[PDB]
């Protein structure tokens, strides 16, 4: 009898999800987004891609909670690896996220900090546990770690190094921190999943286009597993 929200940043990331669920989906348009509301194993699921960035992901998450009353939010998308032990197509679940492009240093504030907020945002302990359990049941090398979210596609060793030293981030993306932040403000458990589709290096743009499809599917599958266990 639950209500579960599922989000992707791109249409490419949620089409595999709608496929895998295989149920009739009702399409409700709202705020520039199209929500796919169906039913599945007695769980009401609302799926959608937010479009790219912090503004887009924040808007959609807030509508998904205030309009559809979803009780849990799962995110599935692709990301860029910042550390060497996280490889293309690997899976990672974010323990904590940060907004790496936030800079109020002119007020002598650490980077990533905003008054009345926090540098790190935590995700659901129960959902991350569930994710870990499942990964062992199918011998999947699921990884854990901090994820940096900003409104810039990271494609430079230089920035890559800034993110690992400053926040000790493992992967970089563009919608993680937004989604998790909003869920926290509304007290909704959030889980952020990401498949590595590139290395955030000079060759990142290229590496991204090639693995978009494979990565988006590794991610969609795992997540469908979690919705089954719910």
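Residue numbers count along the first chain shown, from 1.
J.: Do the C-alpha atoms of 125-133 or of 101-109 have the higher average B factor in the entry?
T.: On average, C-alpha B-factors are higher across 125-133.
J.: Tell me which stretch has the larger mean Cα B-factor in this entry, 170-178 or 39-47.
T.: For C-alpha atoms only, the mean B-factor is higher in 39-47.
J.: Taking the values straight from the PDB record, which of 152, 76, 138, 95 has the highest C-alpha temperature factor?
T.: When the deposited C-alpha B-factors of 152, 76, 138, 95 are compared, 138 is largest.
J.: Which one of 55, 183, 196, 200 shows the biggest C-alpha B-factor in the PDB entry?
T.: Among 55, 183, 196, 200, the highest C-alpha B-factor in the entry belongs to 200.
J.: How does the C-alpha B factor of residue 32 compare with the rest of the chain: lowest, middle or highest third?
T.: Lowest third of the chain for residue 32's C-alpha B-factor.
J.: Which third of the chain holds residue 8 when residues are ordered by C-alpha B factor: lowest, middle or highest?
T.: Lowest third, going by the recorded CA B-factors of the chain.
J.: Of the three thirds of its chain by CA temperature factor, lowest, middle or highest, which one includes residue 89?
T.: According to the entry, residue 89 has a C-alpha B-factor in the chain's highest third.
J.: Test of reading the entry: by CA B factor among the chain's modelled residues, which third contains residue 156?
T.: Answer is highest: the recorded C-alpha B-factor places it there.
J.: Should residue 204 be placed in the lowest, middle or highest third of its chain by the C-alpha B factor in the entry?
T.: Residue 204: CA B-factor falls in the highest third of its chain.
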